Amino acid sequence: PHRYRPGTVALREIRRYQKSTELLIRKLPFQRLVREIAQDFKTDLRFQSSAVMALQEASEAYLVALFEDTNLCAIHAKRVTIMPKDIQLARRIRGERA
């Protein structure tokens, strides 16, 4: 058999996803999530499909950027593996945990 070493495929994936623009979370699951949360604020609602899309574009850009800062925080601690403590530090400094 052939078997790539740890990190090689991951590095390949980074190059591939940093190259494309397509949404990375599947539509339906996401759509279900949006409606579930919305139901807690007002019942029997409908959504323009463009509204769910706007929310997905916004949420992914947000997670991707947070991921970027999370990576910087892990590297700051001389690691190359992101952990919960890294996301937390990034969010607190961002004022999201103010």
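All residue numbers refer to positions in the sequence shown, first residue = 1.
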> As stated in the PDB record, which stretch has the larger average Cα B-factor, 87-95 or 2-10?
Replying inline: 2-10
> Higher mean Cα B-factor in the deposited model: 58-66 or 23-31?
Replying inline: 23-31
>> Ranking every modelled residue in this chain by its Cα temperature factor as given in the entry, which third contains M53?
In response: middle
>> Please place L72 in the lowest, middle or highest third of its chain according to the CA B-factor in the PDB entry.
In response: lowest
